[PDB]
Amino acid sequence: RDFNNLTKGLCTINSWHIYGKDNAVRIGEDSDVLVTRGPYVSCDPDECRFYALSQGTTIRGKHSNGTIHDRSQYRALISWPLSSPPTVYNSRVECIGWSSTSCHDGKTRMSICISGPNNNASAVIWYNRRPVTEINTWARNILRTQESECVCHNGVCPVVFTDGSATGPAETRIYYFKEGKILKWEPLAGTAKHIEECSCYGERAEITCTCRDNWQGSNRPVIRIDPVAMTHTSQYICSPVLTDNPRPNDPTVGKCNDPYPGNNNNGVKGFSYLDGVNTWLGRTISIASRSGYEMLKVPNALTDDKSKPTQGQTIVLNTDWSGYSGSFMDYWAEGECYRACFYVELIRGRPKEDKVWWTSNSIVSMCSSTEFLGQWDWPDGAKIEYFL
């Protein structure tokens, strides 16, 4: 195998088709399904799999009580076959920790898991399923990373990390790994003022990451990385179609180089595909909670501060719970272009559904089509009442 190179551009996105859905919470009501959160999808050259942060207990287990908590010693990055649920018996542990990223470089996979107390966390970088490099916290305040796949080009796999306050200036770093080793790292540059949980994809030797400004911005920060030069830039999506959550109502003009104000100290992981007129943004339908999910075609959203939608697709109705969302692509597919894909985490339980004592999720994921396909909505589908 040779390292994969990002030689293709994105396929034209005219609509989104169903790719995978695990129905985990439904199935887990009567089977040994692990409690998770922070899911994602990532492909190897011969298979694509679902990934997530386990909570080290089944949903029906008594240890499901208290799983709203984010960082415990019982969490691990697990992967499992596409569209099956994350069960005790089919889940493969990639590494131990409560924050992660993972990507295949064409030869083998790199997985990164961070663990530890808030003031003393460390990342362990695994490559070819063995630990290779370790990075200690630099700001002693919840060292943390993407929560979705990283992207590689000719062996170089950039990864975005943040350490420091989630509600003020923090220390974000872009690490350039190759075979699990650090080639270089750089501090964040550009006009993004705060970075969290970047969702990335690659095309034509450029990696684009759409992140979460948890401090002040309801528009999303964007980091664009050149994996050959090992350099990057940052800005915000200019469009007035705001895609974080919670967020204020959409204005008619956005902000390119500063956080769009109105909501502080909160957000949700999200993503976008920024490709000139072939630009599609995801977002929750609700401006107040993680409810609903839609894709909007917003030509030149990255650079046009008045850009509005020209087409759309509802993924999850506003009467259904959503959650994190992120990008991934099958870089080893046939054809002349890379097909954009995304997943949506469907969060169930606390804090929105507090009759149960747990927090978990299921996954739904779609990929683009060049056809203009009919739309459906894809809820988690479980009935909370059954778990009482």
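All residue numbers refer to positions in the sequence shown, first residue = 1.
Remark: stretch with higher mean C-alpha B factor among 255 to 263 and 99 to 107 is 255 to 263. Per-chain ranking of the deposited C-alpha B factor places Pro379 in the highest third. When the modelled residues of the chain are ordered by their C-alpha B factor, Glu29 lands in the middle third. The deposited CA B-factor of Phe50 belongs to the lowest third of values across its chain.
Residue-level temperature factors show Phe177 in the lowest third of its chain, judged at the C-alpha atom. The deposited CA B-factor of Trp280 belongs to the middle third of values across its chain.
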